[PDB]
RNA sequence: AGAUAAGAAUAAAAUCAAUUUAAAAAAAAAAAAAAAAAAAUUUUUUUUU
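Protein chains in written order, with the deposited numbering: chain K, 7 to 68; chain J, 6 to 68; chain I, 6 to 68; chain D, 9 to 75; chain E, 8 to 68; chain F, 8 to 68; chain O, 633 to 695; chain N, 633 to 689; chain L, 554 to 693.
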């Protein structure tokens, strides 16, 4: 399920490539997670909405 | 919900599928984890995909 | 819930429909199953057309 | 919504716009909290999550009550 | 936010509405709900809030 | 997570607001709610949290 | 023609009519008769966008 | 008329103010505004708009 | 002369213009009287051959000649961030905002601001509404 | 008069005129409710179907 998978990524502190519904790509590292929001410690802290995300992939196997 | 069993049938037969995102993108892989909000892929690239962003699916073979 | 019985009637009659997605793409085929968030429609094989991704539906014949 | 029921009662011709900006001309024939059916030339269903804005061609009678 | 919207409706303030697309609309609030706006224009108009990106008033409420 | 918006409001941080359409806005929170954010920069405006894709600040908080 | 027709009540000049107001939306087809040279009489309905002309099938000063 | 009043501020023509403006309250009847020739406050206060008046009692 | 062309009916509204402004402009710029039948063909009431030819050139430059297809070398004309008004022909400004001009790496309009500079341009927006819009090949 | 049957993915860059069309042109306040719904404190609610 998504919530435990997100916790496992956070636990393993895995760098991910995040994709947005607009066709946006980004790369970052997890700061924290929420039922509606994803927070990243890569560069400046980013609050990314779950309704805005299309896809998530890890750089290294979770 | 009959959608979860359809996805489970694809996972059971480990069928490679073409998943189309609402933005007008084909992605390719094998159906793996499945939640009411998200779908994972068991393909070499382990994708996690939001179902709100999924438009349509076609398989390699009929399920 | 107007949509669910209309979709069931299309599935019962297996009438060819034109479905449009939010991105403006057309698909064509016959409804032969549905659930509260998804439609299974045949052109090559019965397959997923997600209702949240649908903009419009228009049938070939009245149902 | 009572506004959409009032439009259905008065059978007013309306311009509906989609989120992608596609413009549909037709008279609304049925509505649920997910969808409208309009039967302009052929029976068609439009999802409310895909509608951006609706405007009537004729004037529409005020609800004449507190909102 | 609820009182701010009531104040705009009370004061019949001209507002610029922007959808997800690059459209600009001029109107005033006629009625408002957590799912919709009814907007004064050349005619009375319905806007679904899920289509709106931002609203900015010409005068502060 | 929840007070992140309050922390930005407390530090009055100019924050880049990104809408799904790919547009970037700039400004600080005036107040925030589960469904909507009201911005302090220039004229006060309501941006639907539903329409917001991401927020990233000029400084970390 | 299917996408609107030119119909003259009288004279060599041929005035326009369209799929809806030919026959007050009784049919989806442009003409209920659906036949060129067919005998059904025509007169104007009041509605007139400046870029549109209206000549409905109307007998005996129906108005 | 019952439905509203034509109200003169100048030489250039001015259309009907609707009775729903003229009267704040529910009733909206000609008895509230039957007196001819009466001098009254009148501000259109409207840009990007067609001709209207926000007179209100 | 009373010269005539059996030109395509559909362009009628664009040869008249709203308020008849473009027909008034055509007649005054050619110094020649014009009829363009709403249903029928154009007539040109002219004092002499060169003035008739001038009227033909100007109405031909706004009749048919659809700009849908491969790249054309349009004259930039007005240049601003909110748009270069790049015109391939008369009365046809391809209003091309920086969003049309550019994606990813982007730059201040001074990098390519000029008037009358011929530059490569093709269709990016189309409609019946006559809000059809072209764009600089940098849009690729 | 129809909208690409989906560009493996826009580190992120508001498009002109939304009532139309030929000399305009026709012209139109009754409004707080503070969340909609269900369990009976919660949840869904256009912040992941």
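Even for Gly, the Cβ is constructed at its ideal location relative to N, Cα and C.
For a cutoff of 7 Å on Cβ pairs, would you count residue 29 (chain I) as touching chain D?
yes
Runs of 3 residues minimum, wholly inside the region 26–67 of chain I: which ones carry the beta strand (DSSP E) assignment? Runs of the beta strand (DSSP E) lying entirely within the region 26–67 of chain I, each at least 3 residues long, are 31–40, 43–47, 51–55 and 59–64 in chain order.
Please confirm whether residue 50 (chain K) and residue 63 (chain F) have their CB atoms less than 7 Å apart. Yes, they are a contact pair.
Self-check item: Neighbourhood of residue 683 (chain N) by C-beta, 8 Å cutoff - its chain only, sequence neighbours within 5 removed
Solution: 646, 647 and 676
- Pairing CB atoms from the region 22–34 of chain J with CB atoms from the region 52–61 of chain J, are three or more of them under 8 Å? yes
- Query: Comparing the C-beta of residue 55 (chain F) with each C-beta of chain E, is any distance below 7 Å?
  - Reply: yes
Problem - Nearest-angstrom Cβ-Cβ length linking residue 36 (chain E) and residue 46 (chain E), presumed shorter than 8 Å - result: 7 Å
**Asked** Tell me which same chain residues have a C-beta within less than 6 Å of the C-beta of residue 557 (chain L), skipping the five on either side of it?
**Response** 594 and 596
inquiry  = Can you pull the chain I neighbours of residue 82 (chain D), defined as C-beta to C-beta under 7 Å?
reply    = Here chain D has residues from 9 to 75 only, and residue 82 (chain D) is not among them.
Taking only three categories from DSSP, how would you classify residue 607 (chain L)? In the structure shown, residue 607 (chain L) falls within a helical segment according to DSSP collapsed to helix, strand and coil.
Item checked: Rounded Cβ spacing between residue 687 (chain N) and residue 639 (chain N) (contact assumed at less than 8 Å) -> 6 Å
Requested in this report: Kindly indicate the opening and closing residues of the beta strand (DSSP E) around residue 11 (chain D).
Outcome: From DSSP, residue 11 (chain D) is part of no beta strand (DSSP E) but of the alpha helix (DSSP H) over 10–18.
* According to the neighbour-count rule (16 or more other Cβ atoms, all chains shown, within 10 Å of its Cβ), is residue 644 (chain N) buried or exposed? -> exposed
Using a Cβ-Cβ distance under 7 Å, would residue 59 (chain E) count as near chain F?
-> yes
Helix, strand or coil at residue 665 (chain N) [DSSP, three-state]:
In the three-state DSSP reduction, residue 665 (chain N) falls in the coil class, being neither helix nor strand.
| Secondary structure at residue 613 (chain L), three-state DSSP: helix, strand or coil? | helix
Presumed contact (8 Å Cβ cut-off) between residue 600 (chain L) and residue 672 (chain L), rounded CB distance: Contact doesn't hold; Cβ gap of about 39 Å is too wide.
For residue 33 (chain J) and residue 28 (chain F), I'd like the C-alpha separation in whole angstroms. 25 Å
Among all the DSSP beta bridges, which residues are the ones paired with residue 676 (chain O)? Its beta-bridge partners do not exist; DSSP assigns none.
Open item on the list: Need the endpoints of the beta strand (DSSP E) that residue 595 (chain L) sits in, please.
Closed with: For residue 595 (chain L), the enclosing beta strand (DSSP E) has its first and last residue at 595–598.
field: Separation of residue 620 (chain L) from residue 689 (chain L), as counted between CA atoms
entry: 14 Å
Considering residue 579 (chain L), what are the terminal residues of the alpha helix (DSSP H) in which it resides? 574–583
- Just mark residue 652 (chain O) as buried or exposed, buried being the case when its beta carbon has 16 or more other beta carbons within 10 Å. buried
7 Å is my cut-off, CB to CB: does residue 660 (chain O) come that close to chain D? yes
If you drop the 5 nearest sequence neighbours on each side, which residues of the same chain put their C-beta closer than 6 Å to that of residue 38 (chain K)? 45
For residue 679 (chain N), tell me which candidate among E:16, E:12, E:65 and E:55 has the shortest Cα-Cα distance.
E:65
Are the C-beta atoms of residue 7 (chain J) and some chain I residue less than 7 Å apart? yes
Going along chain J in order, which residues have a C-beta closer than 7 Å to the C-beta of residue 43 (chain I)?
-> 8
- Query: For residue 662 (chain N), which residues of its own chain have a beta-carbon under 6 Å away from its beta-carbon, when the five flanking residues on both sides are left out?
  - Reply: 634
* May I have the straight-line CA-CA distance separating residue 48 (chain I) from residue 609 (chain L), to the nearest angstrom? => 54 Å
Subject >> Neighbourhood of residue 17 (chain F) by C-beta, 6 Å cutoff - its chain only, sequence neighbours within 5 removed >> reply: Excluding residues within five positions, none has a Cβ falling inside 6 Å.
query: If the cut is a Cβ gap below 8 Å, which residues of chain I does residue 39 (chain D) touch?
result: 7
What residues in the region 8–27 of chain K have a beta carbon less than 7 Å from any beta carbon of chain F? 26 and 27
For residue 33 (chain F), decide whether its Cβ has a neighbour in chain E, counting only Cβ atoms nearer than 7 Å. no
* Asked: Is there at least one Cβ from chain E nearer than 7 Å to residue 50 (chain D)'s Cβ?
  -> no
*asked:* Quick check: residue 14 (chain J) and residue 54 (chain J), are their CB atoms within less than 7 Å of each other?
replied: no
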